[PDB]
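J.: As input, take work.cif (mmCIF, C-alpha atoms):
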```cif
data_query
loop_
_atom_site.label_atom_id
_atom_site.label_comp_id
_atom_site.auth_asym_id
_atom_site.auth_seq_id
_atom_site.Cartn_x
_atom_site.Cartn_y
_atom_site.Cartn_z
CA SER A 1 28.28 5.06 8.69
CA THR A 2 27.82 4.48 5.00
CA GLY A 3 26.33 1.88 2.72
CA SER A 4 26.87 0.97 -0.94
CA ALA A 5 24.83 -1.54 -2.96
CA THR A 6 24.66 -2.47 -6.61
CA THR A 7 21.32 -2.08 -8.34
CA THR A 8 20.58 -4.21 -11.41
CA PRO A 9 18.00 -3.89 -14.23
CA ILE A 10 15.29 -6.56 -14.01
CA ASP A 11 15.20 -7.08 -17.78
CA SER A 12 16.73 -5.96 -21.09
CA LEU A 13 14.64 -2.79 -21.16
CA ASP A 14 15.57 -1.46 -17.71
CA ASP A 15 11.89 -1.66 -16.71
CA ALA A 16 12.98 -1.40 -13.09
CA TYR A 17 16.02 -2.01 -10.94
CA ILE A 18 16.50 -4.41 -8.02
CA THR A 19 18.87 -4.03 -5.10
CA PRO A 20 19.64 -6.77 -2.55
CA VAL A 21 18.50 -6.05 1.00
CA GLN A 22 19.25 -8.11 4.10
CA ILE A 23 16.29 -8.50 6.46
CA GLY A 24 16.25 -10.26 9.81
CA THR A 25 18.56 -12.53 11.77
CA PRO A 26 19.90 -14.63 10.23
CA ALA A 27 19.79 -12.42 7.14
CA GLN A 28 17.09 -13.06 4.55
CA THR A 29 18.15 -11.42 1.31
CA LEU A 30 15.37 -10.01 -0.85
CA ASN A 31 15.73 -8.03 -4.08
CA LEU A 32 13.86 -4.77 -3.62
CA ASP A 33 12.81 -1.96 -5.95
CA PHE A 34 14.24 1.20 -4.43
CA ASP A 35 11.55 3.82 -5.00
CA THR A 36 12.17 7.54 -4.37
CA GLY A 37 8.48 8.04 -5.21
CA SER A 38 7.03 6.16 -2.22
CA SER A 39 7.77 5.64 1.45
CA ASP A 40 6.89 2.06 2.43
CA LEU A 41 9.32 -0.83 2.73
CA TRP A 42 7.17 -3.82 1.92
CA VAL A 43 7.93 -7.40 1.04
CA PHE A 44 6.48 -10.59 -0.27
CA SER A 45 6.31 -12.83 2.78
CA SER A 46 5.18 -16.09 4.34
CA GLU A 47 1.89 -14.24 4.96
CA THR A 48 1.25 -13.41 1.29
CA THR A 49 -1.78 -15.15 -0.25
CA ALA A 50 -0.18 -18.22 -1.83
CA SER A 51 -1.84 -17.84 -5.25
CA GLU A 52 -0.37 -14.32 -5.43
CA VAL A 53 3.23 -15.50 -5.08
CA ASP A 54 4.90 -16.65 -8.32
CA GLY A 55 8.67 -17.00 -7.97
CA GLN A 56 9.47 -14.15 -5.59
CA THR A 57 11.71 -14.65 -2.59
CA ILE A 58 9.69 -14.22 0.61
CA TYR A 59 10.45 -12.82 4.05
CA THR A 60 9.48 -15.24 6.83
CA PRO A 61 9.39 -13.27 10.12
CA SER A 62 8.97 -16.45 12.20
CA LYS A 63 12.52 -17.45 11.14
CA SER A 64 14.03 -14.13 12.27
CA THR A 65 15.08 -13.81 15.91
CA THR A 66 14.97 -10.01 15.70
CA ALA A 67 11.51 -9.77 14.13
CA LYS A 68 8.77 -8.26 16.29
CA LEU A 69 5.15 -7.88 15.28
CA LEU A 70 4.15 -4.24 15.40
CA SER A 71 0.91 -4.79 17.25
CA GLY A 72 -2.20 -3.52 15.50
CA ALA A 73 -0.37 -1.93 12.56
CA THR A 74 -1.55 -2.40 8.99
CA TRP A 75 -0.63 -0.86 5.67
CA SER A 76 -2.19 -0.47 2.24
CA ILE A 77 -0.76 1.30 -0.79
CA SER A 78 -1.84 2.18 -4.33
CA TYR A 79 0.74 3.23 -6.91
CA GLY A 80 0.52 5.56 -9.90
CA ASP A 81 0.48 2.62 -12.29
CA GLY A 82 -2.61 1.19 -10.61
CA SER A 83 -0.81 -1.56 -8.71
CA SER A 84 -1.35 -2.12 -4.99
CA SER A 85 -0.49 -4.19 -1.91
CA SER A 86 -1.42 -4.43 1.77
CA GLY A 87 -0.70 -6.32 4.95
CA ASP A 88 0.66 -6.08 8.48
CA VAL A 89 3.94 -4.84 9.98
CA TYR A 90 7.01 -6.17 11.73
CA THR A 91 10.07 -4.38 12.93
CA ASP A 92 13.38 -6.04 12.16
CA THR A 93 17.02 -5.41 11.31
CA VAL A 94 17.51 -4.20 7.74
CA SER A 95 20.86 -3.73 6.03
CA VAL A 96 21.64 -2.22 2.62
CA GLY A 97 25.16 -2.46 1.24
CA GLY A 98 26.66 -2.76 4.72
CA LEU A 99 24.51 -0.04 6.33
CA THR A 100 22.33 -1.42 9.13
CA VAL A 101 19.09 -0.08 10.65
CA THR A 102 17.62 -1.75 13.71
CA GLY A 103 13.89 -1.54 14.33
CA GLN A 104 12.99 -0.79 10.71
CA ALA A 105 9.31 -1.23 9.85
CA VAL A 106 9.10 -4.13 7.42
CA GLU A 107 5.67 -4.20 5.91
CA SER A 108 4.63 -7.78 5.24
CA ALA A 109 2.27 -8.31 2.33
CA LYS A 110 -0.91 -10.31 2.83
CA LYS A 111 -2.21 -9.25 -0.58
CA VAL A 112 -0.51 -7.97 -3.74
CA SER A 113 -2.02 -6.93 -7.08
CA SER A 114 -1.48 -9.01 -10.22
CA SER A 115 1.31 -6.85 -11.66
CA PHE A 116 3.44 -7.65 -8.59
CA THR A 117 2.65 -11.39 -8.71
CA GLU A 118 3.51 -11.46 -12.42
CA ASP A 119 6.93 -9.91 -11.83
CA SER A 120 9.03 -12.69 -10.35
CA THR A 121 12.14 -10.48 -10.09
CA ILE A 122 10.83 -7.96 -7.55
CA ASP A 123 10.47 -9.19 -3.96
CA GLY A 124 9.13 -5.87 -2.68
CA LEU A 125 9.76 -2.12 -2.54
CA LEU A 126 12.03 0.04 -0.41
CA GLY A 127 10.61 3.57 -0.30
CA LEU A 128 12.92 6.57 -0.25
CA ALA A 129 10.47 9.46 -0.53
CA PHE A 130 9.56 11.41 2.62
CA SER A 131 8.14 9.53 5.60
CA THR A 132 5.02 11.70 5.53
CA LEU A 133 3.75 9.40 2.72
CA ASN A 134 4.22 6.18 4.69
CA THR A 135 0.92 4.29 4.81
CA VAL A 136 1.27 2.41 8.11
CA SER A 137 -1.75 2.87 10.36
CA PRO A 138 -2.42 3.83 13.08
CA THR A 139 1.22 4.82 13.71
CA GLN A 140 3.06 6.08 10.63
CA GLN A 141 6.52 4.59 10.18
CA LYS A 142 9.83 6.00 8.96
CA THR A 143 11.69 5.06 5.78
CA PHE A 144 15.01 3.25 5.90
CA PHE A 145 16.80 6.48 4.96
CA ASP A 146 15.00 8.48 7.62
CA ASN A 147 16.01 5.88 10.23
CA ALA A 148 19.63 5.77 9.03
CA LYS A 149 20.04 9.53 8.54
CA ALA A 150 21.52 10.54 11.88
CA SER A 151 24.12 7.76 11.76
CA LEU A 152 25.29 8.56 8.25
CA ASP A 153 28.55 10.41 7.62
CA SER A 154 26.44 12.86 5.56
CA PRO A 155 22.63 12.85 5.42
CA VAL A 156 22.41 11.90 1.75
CA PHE A 157 21.91 9.02 -0.59
CA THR A 158 22.78 8.83 -4.28
CA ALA A 159 21.27 7.07 -7.27
CA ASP A 160 23.53 6.06 -10.12
CA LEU A 161 21.37 3.95 -12.44
CA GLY A 162 22.91 2.19 -15.42
CA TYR A 163 21.68 2.07 -18.99
CA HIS A 164 21.35 -1.66 -19.77
CA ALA A 165 23.90 -2.17 -16.98
CA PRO A 166 24.22 -2.34 -13.17
CA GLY A 167 24.53 0.86 -11.14
CA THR A 168 24.83 1.88 -7.52
CA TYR A 169 22.88 3.26 -4.56
CA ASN A 170 25.14 4.86 -1.97
CA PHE A 171 24.10 6.00 1.48
CA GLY A 172 25.99 8.55 3.55
CA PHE A 173 28.60 9.71 1.04
CA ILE A 174 29.13 11.16 -2.44
CA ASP A 175 31.46 9.12 -4.65
CA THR A 176 33.36 11.86 -6.44
CA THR A 177 34.70 9.35 -9.00
CA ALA A 178 31.17 8.41 -10.18
CA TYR A 179 30.43 11.54 -12.21
CA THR A 180 32.01 14.07 -14.53
CA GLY A 181 32.13 17.83 -13.99
CA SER A 182 30.29 19.27 -10.99
CA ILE A 183 27.08 18.43 -9.21
CA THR A 184 24.42 21.14 -9.68
CA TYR A 185 22.04 21.39 -6.73
CA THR A 186 18.46 22.59 -7.04
CA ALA A 187 15.63 23.29 -4.60
CA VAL A 188 13.17 20.68 -3.39
CA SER A 189 9.60 21.00 -2.17
CA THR A 190 8.58 18.29 0.27
CA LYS A 191 5.00 19.56 0.40
CA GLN A 192 3.60 16.51 -1.44
CA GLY A 193 6.00 14.05 0.20
CA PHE A 194 8.17 13.70 -2.92
CA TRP A 195 11.60 14.79 -4.10
CA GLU A 196 9.86 17.54 -6.08
CA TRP A 197 11.94 20.05 -8.03
CA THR A 198 11.76 22.43 -11.00
CA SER A 199 13.70 21.79 -14.18
CA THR A 200 14.74 24.91 -16.06
CA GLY A 201 13.81 23.60 -19.50
CA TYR A 202 14.59 21.21 -22.31
CA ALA A 203 16.03 20.62 -25.77
CA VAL A 204 15.31 18.00 -28.40
CA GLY A 205 18.29 16.51 -30.20
CA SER A 206 20.66 19.26 -31.31
CA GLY A 207 17.88 21.87 -31.09
CA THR A 208 17.95 25.11 -29.14
CA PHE A 209 17.28 24.99 -25.42
CA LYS A 210 13.80 26.14 -24.38
CA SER A 211 13.87 27.88 -21.02
CA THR A 212 10.69 26.91 -19.19
CA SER A 213 9.90 25.77 -15.65
CA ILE A 214 8.89 22.13 -15.37
CA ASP A 215 7.92 21.00 -11.86
CA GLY A 216 8.28 17.26 -11.31
CA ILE A 217 9.49 14.48 -9.07
CA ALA A 218 12.70 12.49 -9.13
CA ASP A 219 11.25 8.99 -9.01
CA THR A 220 13.48 5.91 -9.29
CA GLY A 221 10.39 3.67 -9.10
CA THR A 222 8.91 4.95 -12.35
CA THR A 223 10.36 3.57 -15.58
CA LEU A 224 9.70 6.40 -18.02
CA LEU A 225 9.95 10.18 -18.30
CA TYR A 226 6.53 11.82 -18.03
CA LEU A 227 6.40 15.48 -19.09
CA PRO A 228 3.80 18.04 -20.28
CA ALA A 229 2.06 17.18 -23.58
CA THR A 230 3.61 20.22 -25.27
CA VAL A 231 7.14 19.04 -24.49
CA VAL A 232 6.44 15.44 -25.41
CA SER A 233 4.84 16.45 -28.72
CA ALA A 234 7.90 18.56 -29.57
CA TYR A 235 10.10 15.50 -28.94
CA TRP A 236 8.17 12.95 -31.00
CA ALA A 237 7.65 15.42 -33.86
CA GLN A 238 11.36 14.88 -34.55
CA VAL A 239 10.88 11.13 -35.12
CA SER A 240 9.42 10.24 -38.50
CA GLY A 241 6.33 8.07 -38.11
CA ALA A 242 5.96 8.58 -34.36
CA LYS A 243 2.41 9.04 -33.07
CA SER A 244 0.33 8.83 -29.93
CA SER A 245 -1.72 5.66 -29.92
CA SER A 246 -4.64 5.54 -27.52
CA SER A 247 -4.94 1.78 -28.13
CA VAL A 248 -1.35 1.20 -27.00
CA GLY A 249 -1.40 3.90 -24.31
CA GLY A 250 1.16 6.44 -25.44
CA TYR A 251 3.62 7.44 -28.11
CA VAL A 252 4.93 4.67 -30.34
CA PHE A 253 7.51 4.97 -33.09
CA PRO A 254 8.92 2.83 -35.91
CA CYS A 255 11.51 0.47 -34.50
CA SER A 256 13.69 1.39 -37.51
CA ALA A 257 14.04 4.97 -36.19
CA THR A 258 17.14 6.61 -34.85
CA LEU A 259 15.94 8.53 -31.77
CA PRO A 260 17.17 12.04 -30.96
CA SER A 261 18.55 12.83 -27.51
CA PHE A 262 16.54 14.81 -24.97
CA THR A 263 18.18 17.38 -22.70
CA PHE A 264 16.73 18.68 -19.44
CA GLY A 265 17.84 21.66 -17.41
CA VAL A 266 19.04 21.63 -13.84
CA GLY A 267 19.71 25.28 -12.99
CA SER A 268 22.18 26.45 -15.61
CA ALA A 269 23.37 22.84 -16.11
CA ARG A 270 22.17 20.30 -18.67
CA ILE A 271 21.62 16.56 -18.52
CA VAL A 272 21.55 14.79 -21.89
CA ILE A 273 19.47 11.65 -22.25
CA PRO A 274 20.79 9.74 -25.29
CA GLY A 275 18.24 8.68 -27.86
CA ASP A 276 18.81 4.96 -27.20
CA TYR A 277 17.62 5.46 -23.59
CA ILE A 278 14.19 6.44 -24.96
CA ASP A 279 13.60 3.15 -26.87
CA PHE A 280 11.48 0.62 -24.94
CA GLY A 281 11.26 -1.89 -27.68
CA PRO A 282 8.40 -3.59 -29.56
CA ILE A 283 4.90 -2.95 -28.19
CA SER A 284 4.33 -6.68 -28.46
CA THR A 285 6.68 -9.50 -29.40
CA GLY A 286 7.59 -9.36 -33.10
CA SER A 287 6.06 -5.91 -33.69
CA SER A 288 7.91 -3.22 -35.65
CA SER A 289 6.17 -0.58 -33.56
CA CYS A 290 8.26 0.46 -30.55
CA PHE A 291 7.17 2.09 -27.32
CA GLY A 292 8.60 5.50 -26.42
CA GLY A 293 10.37 6.31 -23.16
CA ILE A 294 9.15 9.89 -23.05
CA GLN A 295 5.39 10.10 -22.50
CA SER A 296 2.75 12.67 -21.57
CA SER A 297 2.04 13.38 -17.91
CA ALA A 298 -1.39 14.75 -18.85
CA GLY A 299 -3.85 12.87 -16.67
CA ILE A 300 -1.18 11.79 -14.16
CA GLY A 301 -1.35 15.18 -12.45
CA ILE A 302 2.39 15.48 -11.98
CA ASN A 303 5.54 15.35 -14.12
CA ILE A 304 7.80 12.39 -13.36
CA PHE A 305 11.54 12.29 -13.89
CA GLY A 306 11.68 8.52 -13.88
CA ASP A 307 14.50 6.10 -14.71
CA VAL A 308 14.82 7.26 -18.34
CA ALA A 309 15.95 10.67 -17.03
CA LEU A 310 17.68 9.67 -13.81
CA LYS A 311 19.88 7.00 -15.43
CA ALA A 312 21.47 9.73 -17.55
CA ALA A 313 22.76 11.40 -14.33
CA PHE A 314 24.45 10.88 -11.01
CA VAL A 315 21.71 12.03 -8.63
CA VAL A 316 22.13 13.25 -5.03
CA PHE A 317 19.16 13.05 -2.71
CA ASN A 318 20.29 15.45 0.01
CA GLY A 319 18.34 14.84 3.20
CA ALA A 320 19.69 17.83 5.11
CA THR A 321 17.32 19.92 7.23
CA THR A 322 16.39 21.72 4.02
CA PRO A 323 16.49 18.95 1.41
CA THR A 324 17.89 19.51 -2.08
CA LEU A 325 18.59 17.48 -5.21
CA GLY A 326 21.87 17.37 -7.08
CA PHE A 327 22.48 16.27 -10.67
CA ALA A 328 25.75 15.61 -12.44
CA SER A 329 26.58 14.21 -15.85
CA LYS A 330 28.53 10.93 -15.84
#
```
Could you take the file, read its structure, and then write that structure out as structure tokens?
T.:
Amino acid sequence: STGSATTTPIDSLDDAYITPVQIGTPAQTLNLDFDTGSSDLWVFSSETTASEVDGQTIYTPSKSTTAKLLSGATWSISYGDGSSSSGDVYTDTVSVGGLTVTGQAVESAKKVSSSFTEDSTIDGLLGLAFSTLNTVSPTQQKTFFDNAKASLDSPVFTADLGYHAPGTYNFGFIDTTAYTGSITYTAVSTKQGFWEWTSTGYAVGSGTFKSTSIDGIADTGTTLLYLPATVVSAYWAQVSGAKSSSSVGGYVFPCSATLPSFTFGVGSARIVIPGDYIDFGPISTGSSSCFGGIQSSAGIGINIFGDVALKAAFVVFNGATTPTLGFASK
């Protein structure tokens, strides 16, 4: 089996991407944030506190003939950005881009934090990290990919995120027309539950490549690129007027600037993030100060290759017995 679904930026800044997901029978289609940095599939639902729903599409298990309450199971999650949600659990039929899993744990939200309520475009999350991070208690549940794996033509999924444009998530196959050159594969540690890998270094603009090991996670659910303070300082030093603003919460730069590219290493290969990908627009409406897309991971505790980086590549999440990551230019 395979699946293929289009993923679409939620706004003009690519703050996140939504992908339609069919849940239940008859299908209820919700637009989910596919997140390779977490492992829970959770949804706004008919059970969500009414004041905490503001425009999202909800899952109503009572209207699905294949929904079954997973007796006694609850879930509760906190994300890196301080957001959170919690609730109970159903199993139901879930399909992505034509790929169907029966008996998928669908985590129904009773409560969501304000940042979720305030984002009308995201109806929930579909986690694609390792199932060891799944928060369902007392019986941990498997991710959609983990459930689909054995049925797939190849035990892989791919992320092809667009810059200010739709992209694609594929399950079970590698579209060899979706990238240029070759895919370079690199080792993964699953020890923390993430798609964790080691970049071989970086370059700023047309500068020389610095060979240096940068451990981090490939995380489609994080908007920006979070790297060590040394690396980030070296980047913003090349933008006149750029500075780190504690009041704003990271590096800002004059909106009149032309941003240099940023290159990261994958083995001997190189992925180039164009400067425009690093612009996240005015800090507030009408401001001439713009927020940077490369920020310090100091105080996060881990480096994060978020959408800013991943959207510059065709990325293979290889779920073989020994998982690996592949990156190609496109």
J.: Residues of region 21-130 of chain A that approach region 305-324 of chain A to 12 Å or less, counting all atoms listed in the file: could you list each one with the shortest pair of atoms and its distance in Å to one decimal, rows by chain and increasing residue number, as a Markdown table?
T.:
```
| residue | atom | partner | partner_atom | distance |
| --- | --- | --- | --- | --- |
| A:34 | CA | A:307 | CA | 11.4 |
| A:35 | CA | A:306 | CA | 10.0 |
| A:36 | CA | A:317 | CA | 9.1 |
| A:37 | CA | A:306 | CA | 9.3 |
| A:128 | CA | A:317 | CA | 9.3 |
| A:129 | CA | A:317 | CA | 9.7 |
| A:130 | CA | A:319 | CA | 9.4 |
```
J.: Suppose a student applies the PyMOL selection byres ((chain A and resi 304) around 12) to this structure; what residues should they get, written as a CSV table (one decimal) with C-alpha atoms, in the frame of the given file?
T.:
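New file expr.csv:
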```csv
chain,number,residue,atom,x,y,z
A,36,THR,CA,12.2,7.5,-4.4
A,37,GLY,CA,8.5,8.0,-5.2
A,80,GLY,CA,0.5,5.6,-9.9
A,194,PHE,CA,8.2,13.7,-2.9
A,195,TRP,CA,11.6,14.8,-4.1
A,196,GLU,CA,9.9,17.5,-6.1
A,197,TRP,CA,11.9,20.0,-8.0
A,198,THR,CA,11.8,22.4,-11.0
A,199,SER,CA,13.7,21.8,-14.2
A,214,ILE,CA,8.9,22.1,-15.4
A,215,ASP,CA,7.9,21.0,-11.9
A,216,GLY,CA,8.3,17.3,-11.3
A,217,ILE,CA,9.5,14.5,-9.1
A,218,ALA,CA,12.7,12.5,-9.1
A,219,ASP,CA,11.2,9.0,-9.0
A,220,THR,CA,13.5,5.9,-9.3
A,221,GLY,CA,10.4,3.7,-9.1
A,222,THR,CA,8.9,5.0,-12.4
A,223,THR,CA,10.4,3.6,-15.6
A,224,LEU,CA,9.7,6.4,-18.0
A,225,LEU,CA,10.0,10.2,-18.3
A,226,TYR,CA,6.5,11.8,-18.0
A,227,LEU,CA,6.4,15.5,-19.1
A,228,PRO,CA,3.8,18.0,-20.3
A,293,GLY,CA,10.4,6.3,-23.2
A,294,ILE,CA,9.2,9.9,-23.0
A,295,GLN,CA,5.4,10.1,-22.5
A,296,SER,CA,2.8,12.7,-21.6
A,297,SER,CA,2.0,13.4,-17.9
A,298,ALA,CA,-1.4,14.8,-18.8
A,300,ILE,CA,-1.2,11.8,-14.2
A,301,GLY,CA,-1.4,15.2,-12.4
A,302,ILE,CA,2.4,15.5,-12.0
A,303,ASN,CA,5.5,15.4,-14.1
A,305,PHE,CA,11.5,12.3,-13.9
A,306,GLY,CA,11.7,8.5,-13.9
A,307,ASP,CA,14.5,6.1,-14.7
A,308,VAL,CA,14.8,7.3,-18.3
A,309,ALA,CA,16.0,10.7,-17.0
A,310,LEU,CA,17.7,9.7,-13.8
```
J.: In file coordinates, which residues lie within 10 Å of (14.3, 11.7, 9.8) using only C-alpha atoms, given as a PyMOL selection string?
T.: chain A and resi 130-131+142-150+155+319-321
J.: Could you jot down the CA of residue 329 (chain A) to CA of residue 186 (chain A) separation for me, Å, one decimal place?
T.: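 Atom-to-atom, CA of residue 329 (chain A) to CA of residue 186 (chain A), that is 14.6 Å.
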J.: Could you state which residues are captured by the PyMOL selection byres ((chain A and resi 139) around 12) in this file, as an MDAnalysis selection string?
T.: chainID A and resid 70:75 89 105 131:132 134:138 140:142
J.: Evaluate the PyMOL selection byres ((chain A and resi 270) around 10) against this structure - the residues, as a list in words, please.
T.: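 So the PyMOL selection byres ((chain A and resi 270) around 10), applied here, picks out residues 184, 199, 200, 201, 202, 203, 209, 263, 264, 265, 266, 267, 268, 269, 271, 272, 273, 313, 327, 328 and 329 of chain A.
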J.: Taking into account all atoms listed in the file, which residue in the set A:18, A:43, A:99, A:109 is nearest to residue 151 (chain A)?
T.: A:99
J.: Which is closer to residue 54 (chain A) than all the others in A:13, A:122, A:5, A:77, using only C-alpha atoms?
T.: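 Under the stated criterion, the closest residue is A:122.
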J.: Can you measure CA of residue 170 (chain A) to CA of residue 125 (chain A) for me? One decimal in Å is fine.
T.: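 Those two atoms sit 16.9 Å apart.
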J.: Take region 78-95 of chain A, bring it up to N, CA, C and O atoms, and give me the output as an mmCIF file, keeping the file's coordinate frame.
T.:
```
data_model
loop_
_atom_site.group_PDB
_atom_site.id
_atom_site.type_symbol
_atom_site.label_atom_id
_atom_site.label_comp_id
_atom_site.auth_asym_id
_atom_site.auth_seq_id
_atom_site.Cartn_x
_atom_site.Cartn_y
_atom_site.Cartn_z
ATOM 1 N N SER A 78 -1.488 2.184 -2.913
ATOM 2 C CA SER A 78 -1.840 2.180 -4.330
ATOM 3 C C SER A 78 -0.833 3.050 -5.070
ATOM 4 O O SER A 78 -0.543 4.175 -4.645
ATOM 5 N N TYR A 79 -0.300 2.534 -6.168
ATOM 6 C CA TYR A 79 0.740 3.230 -6.910
ATOM 7 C C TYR A 79 0.176 3.888 -8.161
ATOM 8 O O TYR A 79 -0.927 3.564 -8.599
ATOM 9 N N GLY A 80 0.944 4.813 -8.729
ATOM 10 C CA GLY A 80 0.520 5.560 -9.900
ATOM 11 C C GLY A 80 0.108 4.702 -11.069
ATOM 12 O O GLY A 80 -0.758 5.087 -11.856
ATOM 13 N N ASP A 81 0.734 3.533 -11.184
ATOM 14 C CA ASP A 81 0.480 2.620 -12.290
ATOM 15 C C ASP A 81 -0.687 1.678 -12.004
ATOM 16 O O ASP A 81 -0.909 0.721 -12.737
ATOM 17 N N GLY A 82 -1.417 1.942 -10.925
ATOM 18 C CA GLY A 82 -2.610 1.190 -10.610
ATOM 19 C C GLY A 82 -2.383 -0.078 -9.811
ATOM 20 O O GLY A 82 -3.338 -0.767 -9.448
ATOM 21 N N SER A 83 -1.123 -0.398 -9.542
ATOM 22 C CA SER A 83 -0.810 -1.560 -8.710
ATOM 23 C C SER A 83 -1.023 -1.240 -7.232
ATOM 24 O O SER A 83 -1.140 -0.070 -6.843
ATOM 25 N N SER A 84 -1.058 -2.285 -6.408
ATOM 26 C CA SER A 84 -1.350 -2.120 -4.990
ATOM 27 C C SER A 84 -0.939 -3.338 -4.165
ATOM 28 O O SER A 84 -0.728 -4.422 -4.703
ATOM 29 N N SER A 85 -0.826 -3.130 -2.853
ATOM 30 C CA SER A 85 -0.490 -4.190 -1.910
ATOM 31 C C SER A 85 -0.883 -3.752 -0.494
ATOM 32 O O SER A 85 -1.116 -2.566 -0.245
ATOM 33 N N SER A 86 -0.981 -4.713 0.423
ATOM 34 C CA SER A 86 -1.420 -4.430 1.770
ATOM 35 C C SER A 86 -1.065 -5.564 2.699
ATOM 36 O O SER A 86 -0.823 -6.680 2.266
ATOM 37 N N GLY A 87 -1.009 -5.275 3.990
ATOM 38 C CA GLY A 87 -0.700 -6.320 4.950
ATOM 39 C C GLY A 87 -0.505 -5.811 6.361
ATOM 40 O O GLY A 87 -1.116 -4.825 6.750
ATOM 41 N N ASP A 88 0.348 -6.494 7.126
ATOM 42 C CA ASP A 88 0.660 -6.080 8.480
ATOM 43 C C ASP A 88 2.142 -5.709 8.583
ATOM 44 O O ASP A 88 2.815 -5.589 7.560
ATOM 45 N N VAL A 89 2.648 -5.509 9.795
ATOM 46 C CA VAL A 89 3.940 -4.840 9.980
ATOM 47 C C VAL A 89 4.751 -5.537 11.049
ATOM 48 O O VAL A 89 4.229 -5.886 12.105
ATOM 49 N N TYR A 90 6.036 -5.724 10.755
ATOM 50 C CA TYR A 90 7.010 -6.170 11.730
ATOM 51 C C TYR A 90 8.063 -5.100 11.820
ATOM 52 O O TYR A 90 8.222 -4.308 10.896
ATOM 53 N N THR A 91 8.805 -5.086 12.918
ATOM 54 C CA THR A 91 10.070 -4.380 12.930
ATOM 55 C C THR A 91 11.164 -5.422 12.929
ATOM 56 O O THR A 91 11.005 -6.496 13.503
ATOM 57 N N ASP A 92 12.252 -5.124 12.234
ATOM 58 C CA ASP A 92 13.380 -6.040 12.160
ATOM 59 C C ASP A 92 14.626 -5.265 11.736
ATOM 60 O O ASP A 92 14.563 -4.084 11.376
ATOM 61 N N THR A 93 15.757 -5.953 11.779
ATOM 62 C CA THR A 93 17.020 -5.410 11.310
ATOM 63 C C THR A 93 17.095 -5.453 9.785
ATOM 64 O O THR A 93 16.879 -6.507 9.160
ATOM 65 N N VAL A 94 17.431 -4.316 9.188
ATOM 66 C CA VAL A 94 17.510 -4.200 7.740
ATOM 67 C C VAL A 94 18.856 -3.598 7.384
ATOM 68 O O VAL A 94 19.220 -2.550 7.914
ATOM 69 N N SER A 95 19.593 -4.249 6.484
ATOM 70 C CA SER A 95 20.860 -3.730 6.030
ATOM 71 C C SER A 95 20.896 -3.588 4.518
ATOM 72 O O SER A 95 20.400 -4.464 3.804
#
```
